[PDB]
Amino acid sequence: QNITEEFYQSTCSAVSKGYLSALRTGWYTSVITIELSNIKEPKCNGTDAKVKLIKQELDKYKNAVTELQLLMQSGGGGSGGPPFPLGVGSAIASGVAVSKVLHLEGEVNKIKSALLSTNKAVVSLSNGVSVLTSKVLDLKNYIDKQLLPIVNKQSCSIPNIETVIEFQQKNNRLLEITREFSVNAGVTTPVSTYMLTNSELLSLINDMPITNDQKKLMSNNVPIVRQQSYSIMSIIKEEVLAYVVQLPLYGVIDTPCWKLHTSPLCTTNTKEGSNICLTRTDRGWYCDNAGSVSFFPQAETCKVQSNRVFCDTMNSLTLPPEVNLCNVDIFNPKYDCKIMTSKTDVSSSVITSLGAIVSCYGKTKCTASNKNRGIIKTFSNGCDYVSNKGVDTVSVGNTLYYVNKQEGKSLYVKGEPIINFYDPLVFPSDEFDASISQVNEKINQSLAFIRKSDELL
Amino acid sequence: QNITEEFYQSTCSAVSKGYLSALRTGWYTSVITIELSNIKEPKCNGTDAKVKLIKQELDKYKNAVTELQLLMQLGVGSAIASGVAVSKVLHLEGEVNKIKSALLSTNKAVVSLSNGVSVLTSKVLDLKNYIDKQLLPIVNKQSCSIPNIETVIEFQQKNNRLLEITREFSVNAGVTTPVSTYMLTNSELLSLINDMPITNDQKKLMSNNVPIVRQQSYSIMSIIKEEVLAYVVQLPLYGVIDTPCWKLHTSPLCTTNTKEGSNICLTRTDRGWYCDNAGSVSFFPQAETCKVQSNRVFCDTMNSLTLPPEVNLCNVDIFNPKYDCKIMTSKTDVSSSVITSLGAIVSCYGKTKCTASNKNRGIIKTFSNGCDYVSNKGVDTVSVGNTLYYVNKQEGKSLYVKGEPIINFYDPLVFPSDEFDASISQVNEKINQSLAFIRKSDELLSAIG
Amino acid sequence: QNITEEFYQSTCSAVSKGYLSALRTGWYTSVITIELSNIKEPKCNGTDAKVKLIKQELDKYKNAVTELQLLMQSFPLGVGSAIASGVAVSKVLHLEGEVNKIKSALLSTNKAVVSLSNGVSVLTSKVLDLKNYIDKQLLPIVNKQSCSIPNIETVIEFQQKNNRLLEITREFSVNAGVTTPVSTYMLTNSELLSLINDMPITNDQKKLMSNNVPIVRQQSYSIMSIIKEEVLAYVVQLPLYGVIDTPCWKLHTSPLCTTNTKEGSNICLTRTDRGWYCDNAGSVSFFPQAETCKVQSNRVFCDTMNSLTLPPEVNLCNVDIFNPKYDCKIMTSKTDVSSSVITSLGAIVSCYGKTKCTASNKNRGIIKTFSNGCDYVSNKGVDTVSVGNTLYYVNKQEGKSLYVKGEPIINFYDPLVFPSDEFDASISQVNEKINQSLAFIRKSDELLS
Amino acid sequence: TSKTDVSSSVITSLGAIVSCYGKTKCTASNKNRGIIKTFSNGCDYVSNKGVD
Amino acid sequence: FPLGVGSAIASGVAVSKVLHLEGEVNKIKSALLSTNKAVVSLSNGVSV
Amino acid sequence: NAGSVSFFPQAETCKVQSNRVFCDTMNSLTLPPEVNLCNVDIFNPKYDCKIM
Amino acid sequence: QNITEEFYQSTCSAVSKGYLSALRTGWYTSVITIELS
């Protein structure tokens, strides 16, 4: 909760330091069951209004079951369900593996027995994987006892309004579960309270084989856990509906994180096309991770609470810690900072943890202002930084941005914008991807060709 | 009305015009309140069927309350700073109480908060009143006088709203877009718009397009304390209204003359929606952001670039001196189609077969290699390769503008064939730089002859 | 269901073969109706709670109609207009009389093909009749000055019937008149499987659709059309699968770099044409974006609007990347970072630099250690793969995969004249620039002899 | 009469007259809400009702 | 004379009439009876 | 000023100390930057230079 | 500081260049108090 931020004028980029990692490193999978009645469709003549309502509610129950059968056979949820250099994962790969084990012989029966005198147990499967198992809904008990002696007989006995109503409510969770699955081919994110109530999920977090710190982190940030969790339809058989739930596992916690914001750095020294541009491209989230630096270049694989950053390493790269040296000296010896070049003179603003970066080029009206004081800086051409010191908005052209009013301390690090050191006559401006060294080569090549060409003439 | 479209054969692009702007420039926040008899907790000796149902509902209500308490605790910005600003004010002690007092005599007030913001306040659900009146006497003693069936049904239906507010924020962590119908009934939104400090032109507009207003609004979850659940609804405010808009569609322009893998391709890179906004042009490169109802364009200016008005000249004269028109280049002779506002652009390259067709008489045009356009009059589908694009059938007047495909003017030896983001001037500077190698490596050879 | 995979050491790529196509090629549209009754506001006097509830449920109903009225008046790849086909029908439905042809088509029945003014026939269904339920069991109650109070089962039944209309309105309002996927509320399973059966389509098609209702729902649209004559019509746009049971194969690509040269020396090379490929009527339809395609147990459900159409020799890139017939796409860099691709039944690992890489079993631990370079491992015996601080899980869908040894083609390139920033390149486009940067070094070293 | 194609604004007792001409930016804005009118080319008026 | 017309002190007349409301004068008095310099949050949303 | 030219036609408004010019933006007219061309070319195509 | 002036004989007008801007664009208010008896 001491969020601090530095701005480097030489590279047109700011770093927010002081965040705490909560990295998703792996998965926990648990099986969740709903006991079902093998009730055949009503077999009687009945016309009372309450007999009609119960008959309808059984058909909804019966239809939803054959629907869930359609899912588990066609497909079954078993699926394969990126920027420049990144990898390509398979999120549900872990959970589907446990889903397929349930299709084996007797694994459904192990669970069914293991959930007879309890509604939460641990099963060790036919492969040695130990999964928590929970029965959340018992429709078989209700449909067979309060509901079957009505439909069973040759002439329907009229039920209560209370039996009509209570069955409509017990049936509800099964139907909503079937809705979510039927619209997602049986894999859902986030995990809803229908799939898993907060009561169940917090109880499930406690019984998990994880640290106490992990339990605290998960049990507090329930919505982030739900957003990061999957729910895979698995099997319906044996009068039992069972689906796998894949929960994030935070194997890296409390390590320091920092966020890098970048913007174009364009020479102002001339008019219209004569300008040339540089831009850092290693923007994103960094977290110290096992003596390396995990880099999250899509900063929206990450979700941010106070002080705390929930990233997913499937969208990460692993870097040597020397990468941070890019934020003190882009021309450092150890690590080759990656940049990009263009000739694109259009103004742009970045909102940081507690500041704003403005890249004012051409003839935009770039401005930062306050609720009650008006404009407190008009930016001139170049790349400038304003903190949120009594600053509430930044306007670039017709676009209004609101500054983060997070409580923190900000440092302006003065320096010479490096784009001024580059010869604009021999400067390369194609680069979608390039490093500082790679640009020096293409300038060494061009300037050393004119070394030989000056000789021969 | 009149929506019209022009097709520039020279640049393989189409500008469809006649639209009217309505661009989000500002926000209005308001506080919505649900008032809860959290104090409630049931216990009693009675065991009727109708008793069980009410007790089950109280656990549902009491669950939703406790969970809601746990849940309390490219140009880049945060869209919801205005709502979060009101949310943080609400946490100041007694600020919640100001709302309660104002909402005591009616259910819609205008409370001025401590940060000098004057915000609409609505009580939308009174669960404390229902529970404490029709429910609390029932299940406080043990003789637990059994309720009628209508109270079992009514409490269940009132409680439903609270349950799906809490369901929404268990997966959304407090912030939803669009603002849902449980977050705010359509009827309530209509009454909110009627009470908003805006022009009567705006009020009519926001009411006519409530579905759009929904998608461009934010629900931000704020507090549960002193038996009041409060959340901020952040609504769009359209400062720009009824300025001209136009949409740019772009497809590749290539050489058909060469019959190999070696051809030069050039494309206008600046497609999207365009609007006149305060003496400049607001340009929306991700045309996915601009909703269109009838001939009206609803965009959020936070997703725009601000461009000089001269950018319009790339549609008249792509080689104009005043605006450095932005283009891209590649060496990919691939055929594709772009369905426009009331027409269709087809780029047909290679051995591909390109069809224009009508649902009554099949194929009614075959496309040559090159870039072409057809109107939506007498065409229903346009087929390119293994793709059948249906065509938009909105009525309007289309126009074909003939010219020499400007890719022909470029000399393929010296063409910079792999420019990702370039312009018309960036490409000529690359061409001339290449002829710089030509004269120098030639007259060097003229030293010995 | 035999699914195979082949990994090519030379190209650092892997192909998963053995799938079967099911591609959206066109659209079938149909009209869904609800028989509303437009009635004036309740007139009856009551404290009887069974009347209070009916009056409440009627207020939700009258709100739902009013809200729905305000909705009827509201890459290298191409750019379609996904709902153009469906909207054209909604535009036809707005003409006078057309609303009446379907009212009387379904006057006798609940499902009838109708001809519309443009001569085209569409299946039309009546999925809900609130007109009669209100008129029969609710009208002589609450039309009168003082109501006959109704049975509790009319109360409960009306809530259930009215919920479908309420949810149809809810989905329409937040989605601004177009909803995808088509929820069970817009069209249930029994209606959809009925609608699937009556479509003018092939027997193979009906079977495929009827067994993949959930995918059909994802690839469909519900488009709000009209409220008038106490009818509520919305066009549903089901996918029409034209390509069925043709071979499909998936391409996986990971980057290829030299290794032994230390630090900045390395050059890199990646195949770019990765994604789904399905044979499609004498060409190859190629889907580059992993988003557009969905797999249900070796069936590949794609959408040709997100396709390219390639000559069938594109497959030869996986055979001989240096072939003459087809010019294979690549890109180049010097960005050497370790990263992995989890293929259909394997893992491609590009372990570079000082990073540790791992293929682990759930019981035997680390069972393979990746040396620097492009390598592959099969899912038979591997459960997880680790690359630095990342843990990828491996798909355990069973099949058998074949390792195809070769020389990493990056080694055949001179590290000095290698063009190391090409973003949209091909093997010839790079042989083009190697010849050039040679010829300058080539002529100028014998101009100076 | 003249041809003065320049933009100007007059603050009235409880409003503001805006004469927005040419290609100038002319807006009325509220301190908590932001820009609330964006004037078209011509003479218009705003009242101090919710305008700062 | 081609120019416009405004009120220069309109910004400071905002704060003046915030002070005119009872409660505000007490706020600043409490902030200053122990030290001679302060930052105070007036109740129309300004920190001065 | 912000990609335009602020023009202070009243002599009194701008105060000069050292080489610095202090002005009140409320006593200004905002002109397109092409106003400066009136100094190098009064007959210039773009800006119509104001004369009496 | 460097100041330059050019006289345009063609329009009977001179332009002084080289000055540096300080344009007041917003206001800050402070409350100054005197505590009385």
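In this document, chain identifiers A, B, C, D, E, F and G correspond to the written order of the chains, with residue numbering beginning at 1 in each.
Note that in this section contacts are C-beta pairs under 8 Å (C-beta built on N, C-alpha and C of every residue); 3 or more make two chains touch, one makes a residue touch a chain.
The chain lineup, named per UniProt: A, B, C = Fusion glycoprotein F0.
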Centre-most chain, if every chain is reduced to its averaged C-alpha atoms: B
Furthest chain, CA centroid comparison against chain G: C
Gap in Å, rounded to a whole number, between the CA centres of chain D and chain A (Fusion glycoprotein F0): 44
Distance from the mean Cα position of chain G to that of chain F, given in whole angstrom: 12
Centre-of-Cα separation between chain C (Fusion glycoprotein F0) and chain A (Fusion glycoprotein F0), whole angstrom: 20
Geometric centre distance via CA averages, chain E-chain D, whole Å: 27
Multi-partner residues of chain C (Fusion glycoprotein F0) (each touching 2 or more other chains): 152, 156, 423
Touching residues (chain side chain D, partner chain F) in the complex: 6-8, 22-24
Contact footprint of chain F on chain G as seen in their complex: 1, 3, 6, 8, 10-11, 13, 15, 18-25
Chain A (Fusion glycoprotein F0) residues touching chain E - in the complex, by the definition given at the top: 371-374, 390
Complex contact set, residues of chain A (Fusion glycoprotein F0) against chain D: 365, 371-372, 393, 398, 400
Residue ranges of chain D in contact with chain E within the complex: 4, 6, 8-11, 31-32
